[PDB]
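Take the sequence shown: its position 147, counting from 1, is numbered 147 in the authors' numbering, and each next residue is one higher.
Heads up: the structure comes next, in structure tokens.
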Amino acid sequence: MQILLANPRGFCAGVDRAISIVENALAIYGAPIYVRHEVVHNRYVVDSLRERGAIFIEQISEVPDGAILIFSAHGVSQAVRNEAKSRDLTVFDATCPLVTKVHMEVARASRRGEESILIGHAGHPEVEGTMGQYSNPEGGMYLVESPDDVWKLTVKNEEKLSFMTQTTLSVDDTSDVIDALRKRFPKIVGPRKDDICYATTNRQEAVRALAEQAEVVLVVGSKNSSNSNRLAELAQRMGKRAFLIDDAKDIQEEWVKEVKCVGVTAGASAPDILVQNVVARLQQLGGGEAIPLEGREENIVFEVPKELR
Ligand SMILES: O=P(O)(O)OP(=O)(O)OCc1ccccn1
Ligand code: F3S
């Protein structure tokens, strides 16, 4: 059994920054450090930090006075930011620069009272945060997930309409949604393509190449990781068996019995150590040396704020 590794895979720049924000806050101020929501959607990263004295919470009320609070990489609504602003807290923001970029455009629309449409998945925290940048009752903020959602949407003024997307969507599905918005709302304005980040685009391209060599694809990532789900999905749609797994223990041997070529990738929130353990397990089940495929280069790093160095 040949083991192949997708490239790129694993940690993106936003994840690496957000984890280091929490680590360094814990290093400078000691435990406990409060973090609103899982800093990233990876159980292993969260349990690590948790056991290091970071405390994950879901509302600002849970955080006491004089505390340190980190916003997760997914970002937060204005309402959440304001509730923190005026609550005697030291706040550090681990929101990924590539989410903040989308936030600034929703805010722009809201100020001009012009309607905005977000392409994304209902109830995800990025979506909550991004919708929660729009506040103007004169305009509106709408969520669509599919072409059908678009075909059903009515707006107040379609002459003054913009769109934005979640950063971790399927490139192909999103493209279909955008073609729909453009056919329904010919004046709609948006980015040249979408707001899907480089990491999501790159990992999707990478898992495509992987899937055309491997019969089975394992994706290391947690169940609530949107980007990780897209990777498994993409492989499955190519007709390969694909499984989303937190770690090596989740591998059931039937999945790879009599499989000649197995592929492994990782979502953007999944540490390389997890991939290493998965590969060790596959080798126990009869795989050889892991061969990394050729991949598109990634070179972006996002530094922590000066005051967290
Ligand atoms: O894929 P999702 O579920 O959004 O989250 P993660 O698995 O934490 O991936 C990193 C991330 C954070 C924030 C924004 C984009 N990407
Ligand atoms: S939005 Fe940022 S957190 Fe990672 S998956 Fe994309 S670089």
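Heads up, the beta-carbon is just placed ideally off N, CA and C, and yes, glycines get one too.
Every beta strand (DSSP E) stretch that sits fully inside the region 92 to 171 and reaches 3 residues is listed by chain position as 115 to 119, 141 to 144, 161 to 165. For residue 213, the secondary structure class from DSSP, reduced to helix, strand or coil, is coil. Taking the C-beta atoms as reference points, residue 24 is found nearer than 8 Å to residue 304. Fully enclosed beta strand (DSSP E) runs of no fewer than 3 residues occupy 33 to 36 of the region 11 to 49, in order along the chain. DSSP, read as helix, strand or coil, puts residue 220 in strand. Around the CB of residue 292, fewer than 16 other CB atoms lie within 10 Å, so the residue is classed as exposed. At the C-beta level, residue 38 and residue 46 come within 8 Å of one another.
Put simply, of 225, 193, 152 the residue whose alpha carbon is nearest the alpha carbon of residue 168 is 225.
Residue 261 has 2 as its beta-bridge partners, per DSSP. Just so you know, the alpha carbons of residue 199 and residue 12 end up roughly 6 Å apart. Annotated three-state conformation of residue 55 is strand, per DSSP. Beyond the five residues adjoining it in sequence on each side, residue 230 comes within less than 6 Å, by CB distance, of 170 in the same chain, given in chain order. Residue state for residue 69 is assigned as strand, using DSSP reduced to three classes.
Beta-bridge partners of residue 292 (DSSP): 5. Burial state of residue 53 is exposed, judged by a 10 Å Cβ sphere holding fewer than 16 other Cβ atoms. Sequence-distant partners of residue 43 (beyond 5 residues in either direction) whose C-beta falls short of 8 Å from its own C-beta, in its chain, are 222, 246. Rounded to whole angstroms, residue 32 and residue 17 show a C-alpha spacing of 19 Å.
266 is the residue among 266, 276, 254, 290 whose C-alpha sits nearest the C-alpha of residue 235.
Taking a cut-off of 8 Å for Cβ pairs, the region 155 to 164 and the region 183 to 201 touch, as three or more such pairs fall below it. Contact annotation, residue 239 with residue 2: C-beta distance approximately 19 Å; criterion of less than 8 Å not satisfied. When only Cα atoms are considered, residue 120 and residue 143 end up about 7 Å apart. DSSP, read as helix, strand or coil, puts residue 234 in helix.
Taking a cut-off of 8 Å for Cβ pairs, the region 67 to 75 and the region 125 to 142 touch, as three or more such pairs fall below it.
Inter-segment contact for the region 83 to 101 and the region 63 to 72 is present: three or more beta-carbon pairs are separated by less than 8 Å. Secondary structure note for residue 89: it is in no beta strand (DSSP E), with a DSSP letter that is neither H nor E.
Between residue 7 and residue 295, the gap from beta carbon to beta carbon is short of 8 Å. For residue 241, the three-state secondary structure derived from DSSP is strand. Its Cα nearest to that of residue 227, the residue 244 stands out among 216, 212, 244. Residues of the same chain with a CB within less than 7 Å of the CB of residue 210, apart from the 5 flanking positions on each side, are 4, 6, 217, 263, 265, 293 in chain order. Counting along the chain, the unbroken alpha helix (DSSP H) around residue 276 starts and ends at 272 to 284.
In this structure, residue 15 keeps its C-beta atom at 8 Å or more from the C-beta atom of residue 35. By a beta-carbon distance limit of 8 Å, residue 116 contacts residue 109. Their separation comes to about 4 Å.
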